[PDB]
Amino acid sequence: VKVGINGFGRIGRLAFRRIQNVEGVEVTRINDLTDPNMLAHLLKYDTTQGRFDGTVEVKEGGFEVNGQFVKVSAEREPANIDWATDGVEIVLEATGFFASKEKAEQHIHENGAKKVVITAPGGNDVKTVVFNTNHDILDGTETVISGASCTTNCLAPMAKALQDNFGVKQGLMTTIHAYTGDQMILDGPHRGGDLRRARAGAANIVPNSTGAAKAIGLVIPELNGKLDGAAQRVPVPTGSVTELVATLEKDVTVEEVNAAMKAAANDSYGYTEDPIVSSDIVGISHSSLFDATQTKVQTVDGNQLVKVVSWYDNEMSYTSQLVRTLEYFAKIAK
Amino acid sequence: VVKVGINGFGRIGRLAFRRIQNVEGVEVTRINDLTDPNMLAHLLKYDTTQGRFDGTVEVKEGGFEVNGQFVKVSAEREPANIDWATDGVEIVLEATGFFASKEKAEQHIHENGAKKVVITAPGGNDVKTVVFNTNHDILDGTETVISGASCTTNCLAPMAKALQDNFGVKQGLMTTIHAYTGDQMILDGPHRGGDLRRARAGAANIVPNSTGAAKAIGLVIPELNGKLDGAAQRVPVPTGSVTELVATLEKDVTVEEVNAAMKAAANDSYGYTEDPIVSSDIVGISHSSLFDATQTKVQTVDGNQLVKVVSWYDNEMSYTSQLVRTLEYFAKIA
Amino acid sequence: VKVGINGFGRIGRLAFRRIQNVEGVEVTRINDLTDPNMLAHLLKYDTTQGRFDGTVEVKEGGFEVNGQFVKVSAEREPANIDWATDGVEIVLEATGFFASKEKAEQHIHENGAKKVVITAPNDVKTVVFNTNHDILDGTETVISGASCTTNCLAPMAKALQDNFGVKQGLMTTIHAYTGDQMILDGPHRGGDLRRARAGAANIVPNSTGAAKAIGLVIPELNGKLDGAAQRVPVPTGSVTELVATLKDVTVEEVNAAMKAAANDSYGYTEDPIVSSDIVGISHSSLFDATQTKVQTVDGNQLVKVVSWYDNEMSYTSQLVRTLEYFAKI
Amino acid sequence: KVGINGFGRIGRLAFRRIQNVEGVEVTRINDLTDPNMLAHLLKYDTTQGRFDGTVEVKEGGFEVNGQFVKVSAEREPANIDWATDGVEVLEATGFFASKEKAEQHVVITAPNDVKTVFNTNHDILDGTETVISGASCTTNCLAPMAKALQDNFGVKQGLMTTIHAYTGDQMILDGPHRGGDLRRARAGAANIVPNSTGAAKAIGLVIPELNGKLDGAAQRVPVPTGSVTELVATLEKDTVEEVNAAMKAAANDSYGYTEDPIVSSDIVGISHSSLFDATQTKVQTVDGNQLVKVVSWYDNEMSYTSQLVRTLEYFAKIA
Ligand SMILES: NC(=O)c1ccc[n+]([C@@H]2O[C@H](COP(=O)([O-])OP(=O)(O)OC[C@H]3O[C@@H](n4cnc5c(N)ncnc54)[C@H](O)[C@@H]3O)[C@@H](O)[C@H]2O)c1
Ligand SMILES: NC(=O)c1ccc[n+]([C@@H]2O[C@H](COP(=O)([O-])OP(=O)(O)OC[C@H]3O[C@@H](n4cnc5c(N)ncnc54)[C@H](O)[C@@H]3O)[C@@H](O)[C@H]2O)c1
Ligand SMILES: NC(=O)c1ccc[n+]([C@@H]2O[C@H](COP(=O)([O-])OP(=O)(O)OC[C@H]3O[C@@H](n4cnc5c(N)ncnc54)[C@H](O)[C@@H]3O)[C@@H](O)[C@H]2O)c1
Ligand SMILES: NC(=O)c1ccc[n+]([C@@H]2O[C@H](COP(=O)([O-])OP(=O)(O)OC[C@H]3O[C@@H](n4cnc5c(N)ncnc54)[C@H](O)[C@@H]3O)[C@@H](O)[C@H]2O)c1
Ligand SMILES: [Mg+2]
Ligand SMILES: [Mg+2]
Ligand SMILES: [Mg+2]
Ligand SMILES: [Mg+2]
């Protein structure tokens, strides 16, 4: 299956990197808003994720990656990308500006692509897939799908384990997040109207909103309407952590919650009892990584509050799932 | 006019000195650290996070002058061997962070010593801990050793007490997103305290850590003894922190009633704001805590409620403002 | 004199702050690309420079600052700003997009302003205050307050010339990161493969014209200096090193010479300060005696002199001084 | 075998490299803390990444891919019984960087009295020396760049400026510096901080023909690792292209070459001692007189450590 990337940014470029070690999926075209020399440089060198494991050499209208040429273009409007020229069936929409069924669908047309995977929430009329949590829902007939938020991919397997063992009454999330491209490097007008993302992202603790908690219902229906949360963006260029304080149906101890998470561990959901820090989870392939050292169960007058926390690298952790769901989606084509 | 001595001319020590200049009834006449006067004079005049000193500091022999008035300096490691009486100092600010107990702080009190001591940190349960404008009434003036509590307790106290005196709290879990501090390593190296996370580079990591402030709230507000607990997330900002508290309350509430309740409880120590500020905005403030209405949450799921309240504090200056207020009040009733 | 600001950014907002404590010049309109609520918030709160010393409350089409409504607009083209409506004679061009004779002149029009001062870099007089402020007569439509680095380098280099004379020199400025860098690795619209990189997590080399275009300020050094930059992770505050061949000198004569040249713009210090210490200062440049070097090897000499400056406030202080002087004449 | 005194940044990274070298093998570590602390700091590394292996803590040590390594906590090196594990020592504490105190058992991982850069003056060693030094991080960078300038064009005099990452000897926040330095007292990760550097003047001990001709200072900046060295010099000869070409010729395993516009993060964890950057080369000719500027990257941690291990390997060979 031949794939195209619209938006060769952080998620776009890292997705490309992971596609190299996945047989049966292959990127043959990239579309951004800049010349090929810029994109080749940004693939080779990466501040947070390290230099590229390969060779990248710039050509005309593209660059070669270990010998295979990949065409690049600078088409701003998705309608005008001739995806069909390079046989691209599926497009990774990673611009962050066409994160809806309506605007993503402008990739699908004559001389266009068949299907689209948005690298972000895509609205409620689009299927939202956290791999190894609800990828079963996919049948292969969907024109537009979404890989969810970075925070949802983290929160899902941790919350799902709580439900399938103890059941959850309600919960409040707090994610301590790395700063991202949508923040200003220094104090300046934010085009999105946010008075906090306007502030210097790398020199401040800056609060902000996140839909991941409320829109969990679309991934795990049994938790619909039960959660809500906010974010605190802090000065690290990548790597985040999600805290969840919840009330559970049953009564629990610290050891049963940790043990329950260990059982639920897989390729996406990790487990650790080492006292790691944010830099330790940079570039990991797990979507989320439960940290047993931070588990709390506070019993006061029979009532219990449970706190569970899990790490995730917003960049690579999410990208790992986006690629897994892309691989699975490409196979059941149709 | 009560004359004071500083043991430990560090972050809290130096800032305390700065604030004591604009308080008439108290005046510092001696400083004791582990270095020459030229080092301490430089660190008073120039301050990365808090700005240059508002005055003139010139180095003399065995001290330095501040706006004319000479202050003696010494380099005595043992508190027992400081001749505090030579400079008439009745009260000592213990800001080394090594003598934070009744027993070890008491080594300031002796012949050729001081009369009383204020520890700039938790000092144990056999020592009264004072959060100013929350429980300073408890003091009578006869106490040899007292404590100004933690930076986080001074923040959490007025926010939690307001919740109790309006709605009552069943239980609560705290999360503080804290600035990095001197007890962390600048880069990955052996921590003398045995902490495998404070061993890590403090300014390049989200680093989880423990905090007693939440549980030891009982010593400040007895009606909340044993009801709270929490953890910390140290993040790369050199000063400025924020405290989140998720709690279950006796009454039912709305967002507006909790904000309004905090506004009522506001004073010189407990601030209030509805502006969407960030961490740098609270650097060098005089309020102990500053409630942020924009971050308030009240989540109703199936009749049950969870309440989230958040407040800023500058671990350095916010705490120091209370430490000085408690010092002023204590000096008067001696 | 009534003034307007086009581009309420770092330099724009700080200029506004300093204009409050100068009587006889006064801002009556701001033009940017966003609503008034955004600009009011960014004036009140400032990460690097501290909270505003005043009161700001948002109204319609503007905000009040200690009283007196100040209009705000979101006009993209300079041609289409009706500056005359609010009586603004002079405009601060701080967008960083109209730094030329032709494009700055689109402020000067029938519905518009009389004159313009661009907040950056030859058809235009380039003025570093207390270094070549003489040059203005008051009849110039467009002028420029030079770069942040030029305002720093000028008084340090001029002192070297007026005492010892300069053969040639190479500059290295260790600069704070700025808004033209990417917060994270992404395509730079300007095509720079280094400002494309995460500005706050890298030492990033970059070019700087300030060194060569010294001739425009002080003709006596024209063509003899050149330099580059190293952008480093601090949100504001920079330092300029200059290694030069000059008479023969000692360390003490160079320091003493700089102290003599000190004034309101050119500072002097012998304290071992660091970048955070110079944040928000009013001096354009601040010579640091502790870093002076004079290396004599086989009769030949190399001289190294270093001076701090806060790209933001240091420069802004001069821009406002030049604006004040220009408004009078 | 080798033993490590000071399992810090340079100590631990040296250990890491020692795994991918046959004929050298570390069997003892001595620091000032328990084995559990050192095992954690080997497994996890903020700047250099997680350890490529398996680490499990035991009694008085920890196992690395099955083989136990002893650990001890002796402050005075005289009383470390190195002979117990057959060690024929990397002095990486930074407190015993002298003939007298290092001799008290050696390769010092830092700077007259002792031999001082692999592939630049490795010939000097014969194998009979009790005390030798791997030089500074900055010298290992500057040496192959300066040596190339001499062996092609010859240099009159030069002034160095190194933009350096912050290091463990700086304070995390403003506080009294043990060493009395009023600038390393300041918050290392929130400031441009000027500092002194011997590397430039003490180049004579590595390249004698340059003795007394160079000098420089440092600017410490907020990055946890990765540095760059600028050198402005006047040469004996009278273009940009010949200097770049000359460096390319001098390139080897230690001295790298690049014409890509990289930044500090790109050189983190590299094995080259120095990496010449052609994009930053300048030659300014004004009135017949010339000034030449040449710049080269180095990761103070791993770049230096790569040489320290290479010189350790070579030194072990000719014992
Ligand atoms: N960065 C993260 O941590 C993270 C995590 C989860 C998902 N995401 C999502 O991934 C997407 C990309 O985020 P990112 O961090 O990579 O952002 P980014 O800014 O790094 O990526 C944007 C890229 O798209 C390009 N672009 C912009 N407008 C375009 C247009 N009209 N047509 C084509 N290309 C255009 C940009 O030049 C750049 O190459 C967003 O939807 C974001 O929400 C990001
Ligand atoms: N930093 C904060 O935000 C904060 C907030 C509240 C409480 N505190 C408490 O304040 C105290 C000081 O913390 P800090 O951040 O100012 O630390 P710091 O490390 O900046 O201050 C310590 C100072 O004490 C000196 N010192 C060490 N041992 C000494 C001794 N035996 N005799 C004399 N001086 C000695 C050090 O040299 C240094 O000058 C600690 O108890 C800390 O827990 C700090
Ligand atoms: N940044 C510094 O420290 C510094 C130092 C020297 C000189 N300068 C120069 O000053 C200028 C301003 O740069 P800055 O650092 O303030 O950047 P900035 O990002 O703060 O300025 C950008 C501002 O201009 C506004 N803007 C953009 N396009 C506009 C348009 N068409 N119409 C109206 N407003 C528009 C933006 O919304 C924003 O408010 C640049 O030329 C810069 O080189 C600044
Ligand atoms: N990393 C660099 O930038 C760099 C550059 C070149 C060489 N070096 C040199 O290497 C040496 C180590 O520096 P580092 O960066 O690894 O520092 P570090 O602080 O990370 O390493 C110090 C280690 O030695 C231990 N130690 C201290 N005193 C000891 C004693 N008396 N006995 C035993 N162990 C003791 C410490 O606890 C710690 O484990 C210094 O001389 C330094 O100048 C480092
Ligand atoms: Mg492939
Ligand atoms: Mg006083
Ligand atoms: Mg005015
Ligand atoms: Mg080996």
# chains A, B, ... in the order shown; residues from 1 in each chain; ligands from 1
>>> interface_residues(of="chain A", to="chain C", cutoff="8 Å", atoms="only C-alpha atoms", output="list in words")
residues 9, 10, 33, 34, 38, 39, 41, 42, 46, 47, 180, 181, 183, 184, 185, 186, 187, 188, 189, 191, 193, 195, 199, 200, 201, 202, 203, 204 and 237 of chain A
>>> residues_around(residues="residue 50 in chain B", least_positions_apart="4", cutoff="12 Å", atoms="only C-alpha atoms", output="PDB file with N, CA, C and O atoms, in the first residue's frame")
ATOM      1  N   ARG B  11      18.550  31.010  48.774  1.00  0.00           N
ATOM      2  CA  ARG B  11      17.416  31.597  48.074  1.00  0.00           C
ATOM      3  C   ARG B  11      16.438  32.236  49.051  1.00  0.00           C
ATOM      4  O   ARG B  11      16.130  33.422  48.944  1.00  0.00           O
ATOM      5  N   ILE B  12      15.994  31.459  50.031  1.00  0.00           N
ATOM      6  CA  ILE B  12      15.044  31.953  51.033  1.00  0.00           C
ATOM      7  C   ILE B  12      15.708  32.947  51.984  1.00  0.00           C
ATOM      8  O   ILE B  12      15.106  33.954  52.347  1.00  0.00           O
ATOM      9  N   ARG B  14      18.341  35.015  51.372  1.00  0.00           N
ATOM     10  CA  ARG B  14      18.609  36.293  50.701  1.00  0.00           C
ATOM     11  C   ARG B  14      17.335  37.080  50.429  1.00  0.00           C
ATOM     12  O   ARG B  14      17.304  38.292  50.608  1.00  0.00           O
ATOM     13  N   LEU B  15      16.282  36.394  50.004  1.00  0.00           N
ATOM     14  CA  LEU B  15      15.027  37.070  49.728  1.00  0.00           C
ATOM     15  C   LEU B  15      14.381  37.573  51.001  1.00  0.00           C
ATOM     16  O   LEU B  15      13.821  38.664  51.012  1.00  0.00           O
ATOM     17  N   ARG B  18      15.979  40.765  51.755  1.00  0.00           N
ATOM     18  CA  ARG B  18      15.462  41.820  50.897  1.00  0.00           C
ATOM     19  C   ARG B  18      14.167  42.413  51.443  1.00  0.00           C
ATOM     20  O   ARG B  18      14.025  43.650  51.484  1.00  0.00           O
ATOM     21  N   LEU B  43      25.706  37.700  45.382  1.00  0.00           N
ATOM     22  CA  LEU B  43      24.447  36.965  45.264  1.00  0.00           C
ATOM     23  C   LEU B  43      23.233  37.756  45.754  1.00  0.00           C
ATOM     24  O   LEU B  43      22.100  37.452  45.366  1.00  0.00           O
ATOM     25  N   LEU B  44      23.465  38.750  46.607  1.00  0.00           N
ATOM     26  CA  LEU B  44      22.396  39.647  47.020  1.00  0.00           C
ATOM     27  C   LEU B  44      22.133  40.690  45.932  1.00  0.00           C
ATOM     28  O   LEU B  44      20.965  40.946  45.608  1.00  0.00           O
ATOM     29  N   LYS B  45      23.189  41.287  45.388  1.00  0.00           N
ATOM     30  CA  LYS B  45      23.044  42.315  44.360  1.00  0.00           C
ATOM     31  C   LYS B  45      22.433  41.796  43.059  1.00  0.00           C
ATOM     32  O   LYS B  45      21.625  42.478  42.427  1.00  0.00           O
ATOM     33  N   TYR B  46      22.824  40.590  42.664  1.00  0.00           N
ATOM     34  CA  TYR B  46      22.329  39.978  41.421  1.00  0.00           C
ATOM     35  C   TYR B  46      21.575  38.672  41.677  1.00  0.00           C
ATOM     36  O   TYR B  46      22.051  37.799  42.390  1.00  0.00           O
ATOM     37  N   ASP B  54      17.416  46.235  45.060  1.00  0.00           N
ATOM     38  CA  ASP B  54      16.995  47.636  45.119  1.00  0.00           C
ATOM     39  C   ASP B  54      17.760  48.291  46.269  1.00  0.00           C
ATOM     40  O   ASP B  54      17.239  48.478  47.369  1.00  0.00           O
ATOM     41  N   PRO B 238      12.932  27.983  36.711  1.00  0.00           N
ATOM     42  CA  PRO B 238      13.797  28.202  37.876  1.00  0.00           C
ATOM     43  C   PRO B 238      13.070  28.688  39.134  1.00  0.00           C
ATOM     44  O   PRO B 238      13.616  28.569  40.241  1.00  0.00           O
ATOM     45  N   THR B 239      11.872  29.245  38.961  1.00  0.00           N
ATOM     46  CA  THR B 239      10.991  29.547  40.084  1.00  0.00           C
ATOM     47  C   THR B 239       9.553  29.670  39.599  1.00  0.00           C
ATOM     48  O   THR B 239       9.305  29.897  38.408  1.00  0.00           O
ATOM     49  N   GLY B 240       8.618  29.522  40.529  1.00  0.00           N
ATOM     50  CA  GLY B 240       7.193  29.620  40.223  1.00  0.00           C
ATOM     51  C   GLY B 240       6.543  28.259  40.117  1.00  0.00           C
ATOM     52  O   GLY B 240       6.983  27.415  39.336  1.00  0.00           O
ATOM     53  N   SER B 280       5.415  32.679  34.889  1.00  0.00           N
ATOM     54  CA  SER B 280       6.289  33.854  34.985  1.00  0.00           C
ATOM     55  C   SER B 280       5.579  35.062  35.565  1.00  0.00           C
ATOM     56  O   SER B 280       6.221  35.925  36.153  1.00  0.00           O
ATOM     57  N   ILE B 282       3.601  35.187  38.114  1.00  0.00           N
ATOM     58  CA  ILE B 282       3.563  35.141  39.587  1.00  0.00           C
ATOM     59  C   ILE B 282       4.939  35.180  40.253  1.00  0.00           C
ATOM     60  O   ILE B 282       5.049  35.013  41.468  1.00  0.00           O
ATOM     61  N   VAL B 283       5.986  35.427  39.474  1.00  0.00           N
ATOM     62  CA  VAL B 283       7.342  35.469  40.013  1.00  0.00           C
ATOM     63  C   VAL B 283       7.512  36.762  40.807  1.00  0.00           C
ATOM     64  O   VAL B 283       7.238  37.851  40.299  1.00  0.00           O
ATOM     65  N   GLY B 284       7.950  36.630  42.054  1.00  0.00           N
ATOM     66  CA  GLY B 284       8.200  37.777  42.911  1.00  0.00           C
ATOM     67  C   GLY B 284       6.973  38.418  43.540  1.00  0.00           C
ATOM     68  O   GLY B 284       7.065  39.535  44.036  1.00  0.00           O
ATOM     69  N   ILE B 285       5.829  37.725  43.537  1.00  0.00           N
ATOM     70  CA  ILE B 285       4.614  38.255  44.164  1.00  0.00           C
ATOM     71  C   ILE B 285       4.704  38.130  45.678  1.00  0.00           C
ATOM     72  O   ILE B 285       5.474  37.308  46.195  1.00  0.00           O
ATOM     73  N   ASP B 314       4.767  31.503  44.016  1.00  0.00           N
ATOM     74  CA  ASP B 314       6.195  31.522  43.751  1.00  0.00           C
ATOM     75  C   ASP B 314       6.916  30.958  44.968  1.00  0.00           C
ATOM     76  O   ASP B 314       7.197  31.672  45.918  1.00  0.00           O
ATOM     77  N   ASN B 315       7.233  29.666  44.898  1.00  0.00           N
ATOM     78  CA  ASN B 315       7.933  28.946  45.974  1.00  0.00           C
ATOM     79  C   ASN B 315       8.995  29.773  46.677  1.00  0.00           C
ATOM     80  O   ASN B 315       9.160  29.655  47.887  1.00  0.00           O
ATOM     81  N   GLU B 316       9.708  30.596  45.928  1.00  0.00           N
ATOM     82  CA  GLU B 316      10.696  31.485  46.525  1.00  0.00           C
ATOM     83  C   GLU B 316      10.040  32.675  47.260  1.00  0.00           C
ATOM     84  O   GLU B 316       9.989  32.699  48.487  1.00  0.00           O
ATOM     85  N   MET B 317       9.527  33.643  46.508  1.00  0.00           N
ATOM     86  CA  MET B 317       9.073  34.901  47.080  1.00  0.00           C
ATOM     87  C   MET B 317       7.741  34.811  47.807  1.00  0.00           C
ATOM     88  O   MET B 317       7.564  35.480  48.821  1.00  0.00           O
ATOM     89  N   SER B 318       6.806  34.017  47.296  1.00  0.00           N
ATOM     90  CA  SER B 318       5.496  33.855  47.950  1.00  0.00           C
ATOM     91  C   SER B 318       5.677  33.320  49.355  1.00  0.00           C
ATOM     92  O   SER B 318       5.150  33.891  50.296  1.00  0.00           O
TER      93      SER B 318
ATOM     94  N   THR C  48       9.385  37.898  30.125  1.00  0.00           N
ATOM     95  CA  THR C  48      10.763  38.324  30.352  1.00  0.00           C
ATOM     96  C   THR C  48      10.888  39.677  31.051  1.00  0.00           C
ATOM     97  O   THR C  48      11.855  39.903  31.771  1.00  0.00           O
ATOM     98  N   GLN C  49       9.920  40.567  30.848  1.00  0.00           N
ATOM     99  CA  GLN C  49      10.038  41.959  31.292  1.00  0.00           C
ATOM    100  C   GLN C  49       9.160  42.360  32.479  1.00  0.00           C
ATOM    101  O   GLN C  49       9.279  43.478  32.978  1.00  0.00           O
ATOM    102  N   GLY C  50       8.290  41.463  32.929  1.00  0.00           N
ATOM    103  CA  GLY C  50       7.470  41.708  34.111  1.00  0.00           C
ATOM    104  C   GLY C  50       6.143  42.317  33.783  1.00  0.00           C
ATOM    105  O   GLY C  50       5.915  42.778  32.674  1.00  0.00           O
ATOM    106  N   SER C 276      21.043  37.202  32.728  1.00  0.00           N
ATOM    107  CA  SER C 276      19.809  37.584  33.428  1.00  0.00           C
ATOM    108  C   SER C 276      19.933  38.934  34.123  1.00  0.00           C
ATOM    109  O   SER C 276      18.928  39.616  34.314  1.00  0.00           O
ATOM    110  N   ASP C 277      21.157  39.318  34.491  1.00  0.00           N
ATOM    111  CA  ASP C 277      21.389  40.594  35.174  1.00  0.00           C
ATOM    112  C   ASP C 277      21.118  41.810  34.310  1.00  0.00           C
ATOM    113  O   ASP C 277      20.786  42.868  34.849  1.00  0.00           O
ATOM    114  N   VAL C 279      18.720  41.983  31.923  1.00  0.00           N
ATOM    115  CA  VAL C 279      17.359  41.949  31.396  1.00  0.00           C
ATOM    116  C   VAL C 279      16.614  43.196  31.866  1.00  0.00           C
ATOM    117  O   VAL C 279      16.574  43.483  33.054  1.00  0.00           O
TER     118      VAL C 279
ATOM    119  N   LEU D 173      20.691  26.622  40.722  1.00  0.00           N
ATOM    120  CA  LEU D 173      20.165  27.973  40.952  1.00  0.00           C
ATOM    121  C   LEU D 173      21.141  28.789  41.798  1.00  0.00           C
ATOM    122  O   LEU D 173      22.047  28.240  42.429  1.00  0.00           O
ATOM    123  N   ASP D 174      20.923  30.098  41.818  1.00  0.00           N
ATOM    124  CA  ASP D 174      21.855  31.044  42.428  1.00  0.00           C
ATOM    125  C   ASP D 174      22.204  30.658  43.854  1.00  0.00           C
ATOM    126  O   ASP D 174      21.362  30.727  44.749  1.00  0.00           O
TER     127      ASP D 174
END
>>> residues_near_ligand(ligand="ligand 3", cutoff="9 Å", atoms="only C-alpha atoms and all ligand atoms", output="JSON, numbers by chain")
{"A": [186, 187, 188, 189, 190, 191], "C": [5, 6, 7, 8, 9, 10, 11, 12, 13, 14, 30, 31, 32, 33, 34, 39, 73, 74, 75, 76, 77, 78, 93, 94, 95, 96, 97, 98, 99, 118, 119, 120, 121, 145, 146, 147, 148, 149, 150, 151, 176, 177, 178, 179, 180, 236, 237, 310, 311, 312, 313, 314, 315, 316]}
>>> closest_residue(among="D:21, D:106, D:83, D:202", to="ligand 8", atoms="only C-alpha atoms and all ligand atoms")
D:21
>>> interface_residues(of="chain A", to="chain B", cutoff="8 Å", atoms="only C-alpha atoms", output="ChimeraX atom specification")
/A:169-172,195-196,199,203-207,225-226,228,234-236,240,245,275-279,298,300,305
>>> closest_atom_pairs(of="chain D", to="chain A", cutoff="8 Å", atoms="only C-alpha atoms", output="JSON lines")
{"residue": "D:44", "atom": "CA", "partner": "A:280", "partner_atom": "CA", "distance": 6.4}
{"residue": "D:45", "atom": "CA", "partner": "A:280", "partner_atom": "CA", "distance": 7.2}
{"residue": "D:46", "atom": "CA", "partner": "A:279", "partner_atom": "CA", "distance": 5.4}
{"residue": "D:47", "atom": "CA", "partner": "A:279", "partner_atom": "CA", "distance": 7.9}
{"residue": "D:49", "atom": "CA", "partner": "A:280", "partner_atom": "CA", "distance": 7.1}
{"residue": "D:50", "atom": "CA", "partner": "A:280", "partner_atom": "CA", "distance": 6.8}
{"residue": "D:262", "atom": "CA", "partner": "A:45", "partner_atom": "CA", "distance": 7.6}
{"residue": "D:265", "atom": "CA", "partner": "A:47", "partner_atom": "CA", "distance": 5.3}
{"residue": "D:266", "atom": "CA", "partner": "A:45", "partner_atom": "CA", "distance": 6.3}
>>> select_by_dssp(residues="range 177-299 of chain D", states="alpha helix (DSSP H)", output="PyMOL selection string")
chain D and resi 240-250
>>> interface_residues(of="chain D", to="chain C", cutoff="8 Å", atoms="only C-alpha atoms", output="PyMOL selection string")
chain D and resi 156-159+182-183+186+190-194+212-213+215+221-223+227+232+261-265+284+286+291
>>> residues_near_ligand(ligand="ligand 5", cutoff="10 Å", atoms="only C-alpha atoms and all ligand atoms", output="short mmCIF file (atom, residue, chain, number, x, y, z; two decimals) with N, CA and C atoms, in the first residue's frame")
data_model
loop_
_atom_site.label_atom_id
_atom_site.label_comp_id
_atom_site.auth_asym_id
_atom_site.auth_seq_id
_atom_site.Cartn_x
_atom_site.Cartn_y
_atom_site.Cartn_z
N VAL A 1 0.86 -1.21 0.00
CA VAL A 1 0.00 0.00 0.00
C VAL A 1 0.88 1.24 0.00
N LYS A 2 0.52 2.19 -0.83
CA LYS A 2 1.34 3.37 -1.07
C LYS A 2 0.64 4.53 -0.35
N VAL A 3 1.41 5.32 0.41
CA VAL A 3 0.86 6.32 1.33
C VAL A 3 1.48 7.67 1.02
N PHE A 16 6.94 8.90 8.93
CA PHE A 16 7.80 8.48 7.83
C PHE A 16 8.94 7.57 8.29
N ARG A 17 9.60 7.97 9.37
CA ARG A 17 10.70 7.18 9.93
C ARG A 17 10.26 5.76 10.29
N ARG A 18 9.10 5.62 10.92
CA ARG A 18 8.61 4.31 11.33
C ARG A 18 8.12 3.46 10.16
N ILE A 19 7.66 4.12 9.10
CA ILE A 19 7.19 3.44 7.89
C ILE A 19 8.34 2.71 7.17
N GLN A 20 9.58 3.14 7.39
CA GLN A 20 10.73 2.48 6.78
C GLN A 20 10.89 1.03 7.26
N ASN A 21 10.64 0.79 8.56
CA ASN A 21 10.64 -0.55 9.12
C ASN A 21 9.24 -1.13 9.26
N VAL A 22 8.41 -0.93 8.23
CA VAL A 22 7.12 -1.61 8.12
C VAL A 22 6.98 -2.01 6.65
N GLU A 23 6.95 -3.33 6.44
CA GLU A 23 6.76 -3.91 5.11
C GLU A 23 5.29 -3.77 4.71
N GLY A 24 5.06 -3.62 3.41
CA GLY A 24 3.69 -3.49 2.88
C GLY A 24 3.07 -2.12 2.97
N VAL A 25 3.75 -1.17 3.61
CA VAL A 25 3.35 0.23 3.59
C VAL A 25 4.60 1.05 3.28
N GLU A 26 4.41 2.09 2.47
CA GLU A 26 5.54 2.80 1.90
C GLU A 26 5.07 4.17 1.46
N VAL A 27 5.81 5.20 1.84
CA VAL A 27 5.45 6.57 1.48
C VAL A 27 6.15 6.90 0.15
N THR A 28 5.35 7.38 -0.80
CA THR A 28 5.85 7.74 -2.13
C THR A 28 5.69 9.21 -2.48
#
